[PDB]
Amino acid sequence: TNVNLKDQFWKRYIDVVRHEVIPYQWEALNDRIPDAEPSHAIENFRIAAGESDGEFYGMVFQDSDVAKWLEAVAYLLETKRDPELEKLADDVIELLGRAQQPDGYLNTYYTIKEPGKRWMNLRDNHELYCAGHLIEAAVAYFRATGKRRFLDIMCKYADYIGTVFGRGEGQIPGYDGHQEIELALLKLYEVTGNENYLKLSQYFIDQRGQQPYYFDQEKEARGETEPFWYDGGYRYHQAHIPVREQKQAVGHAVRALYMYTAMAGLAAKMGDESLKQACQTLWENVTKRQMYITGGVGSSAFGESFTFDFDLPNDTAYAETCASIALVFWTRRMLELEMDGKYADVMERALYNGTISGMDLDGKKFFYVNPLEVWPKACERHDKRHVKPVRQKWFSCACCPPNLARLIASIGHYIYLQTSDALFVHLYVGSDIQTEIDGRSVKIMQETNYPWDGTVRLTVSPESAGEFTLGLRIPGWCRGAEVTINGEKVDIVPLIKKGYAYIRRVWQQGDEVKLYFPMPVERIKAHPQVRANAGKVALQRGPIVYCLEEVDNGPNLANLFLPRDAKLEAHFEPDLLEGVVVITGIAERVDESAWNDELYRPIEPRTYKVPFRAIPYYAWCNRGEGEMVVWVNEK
């Protein structure tokens, strides 16, 4: 399976990651950006390798920043070799190899700052989290370059971790306050075939939330008495009860979704039905009760967390970039657990909305928080101070960048899934794939202007003719999908199972499948239990959720009312925001001129008509500070 991107939309983002984002982060990691908060991330490994002097600096999880940058670089190298970039990575890798302790432990903070204090604060100090991120980078770097050095280093650490943690004699019955090692270990298993890694992942998941609480035991041993800052206590870490008894998403959103992603991978690999069902129950809870229309998750700044069903406020949303990325990871494992278009529908929602919303179109600035409603003046409220009205650079928790980079750079890995049963098309993205079906070589090409248009042309070319199944997602946002094969209509209705059309036939060289997904402008309504959206409507076209910005429509977007009957139109604007479809129509505003400086009046408001224009949510805040809303008042 090699996949080449051949589109406009994602190719532009990859180019931005390659030329702007990854190089800038490299400078930051090496403290060569004069105005920046220093990182010391590379320096810490130098000191640890005994090649430099100085004090540890930065956050306890600083090592993971280096990991994430390496992981993204790995993916970049799969789609364009660059010997200089590869050399930078190789040198960092050898440095990691020299900072690594003889027993396999690799952690700058506990090598330089608190030697000998390792494994005494898993609740807070992210040791396994950093190890997990480094494992992911090493796996990725191996798959991209064939070079095993980083993989070898990380297997030594993974083996050491296996000796330290478990239910055995002299082992710690522990796990990390921030999940990540569990999903990373699955990847390491997939590339090595070493079953210890699969079992260790299972151990960490099965042990979480067991009584007596591991976190209480280590806390006691540190002599710590203070109550945990987060009111829900261990719900923050989803360590309140065992994972199979968790029926609602709670706590910190990234933590949760990384945990779920591991649970879904383990359910698939182990055939564990109880875990599969837990995943499905959690999936339904997150995606049908605690998810924003943008694919954002996390409704409370305090703990960057889930709250509860249907509590999805737009102005105080957290919807962290990293959580939406984590949702994408989760969906991919859910798809391996069960082929249901609803998983890919979510993946696509996050991909085209609440992930990429996290960056400026040119990749120079980022959001941590992705709100669905902005009144900039109000961002001075204490309960809105997490909401930044414009994107910026970050430091300390500068994850928005190497985090988005690793997803965007690997976008090719999410388009297709080769199974022995079928070749599945999840995303409609100009691309090609060279794969093997029933031991035979098959080339598949997608040509499409998606997401701006719903027409997709798939050319299927097997090396020699042969029978196999092509599984095509029918997007849940779409009504009335149509399919033709070599110009002849095919009734897909009997071929559809759980949002995928299964097309099984003998394929010949140059066979052509045409897909047509109508993209009308839709008015989306939220379930009536979503109190924040009572009387409000969102615009969506294809997979893209739209928003209104002040720059196009004036201030006071709360005072814009979209009548039900207003006739909406869409058209392409090549020179706007890198080339986007915009949506236009006629709305109504209440007349303030008719107001008289009173605050409250018993009068019937007078309304006048205004043109409006809406643009894609992901593209907001590229034309200066201003109001923005997704959910607009109706009628």
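Throughout, we count residues from 1 along the sequence that is shown.
Averaged over Cα atoms, the B-factor as recorded in the entry is higher for 205-213 than for the other of 205-213 and 527-535.
Once the C-alpha B-factors are averaged per stretch, 195-203 and 560-568 rank with 560-568 first. In this entry, the residue among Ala99, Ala326, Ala422, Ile293 with the greatest C-alpha B factor is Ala422.
Of the candidates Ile47, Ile586, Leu599, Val580, the PDB record gives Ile586 the highest C-alpha temperature factor.
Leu70: CA B factor in the lowest third of modelled residues in this chain (values from the PDB entry). Remark: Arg385 belongs to the lowest third of its chain, ranked by C-alpha B-factor as recorded. Remark: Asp82 belongs to the highest third of its chain, ranked by C-alpha B-factor as recorded.
Per-chain ranking of the deposited C-alpha B factor places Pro371 in the lowest third. Split the chain's modelled residues into thirds by C-alpha temperature factor. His252 is in the lowest one.
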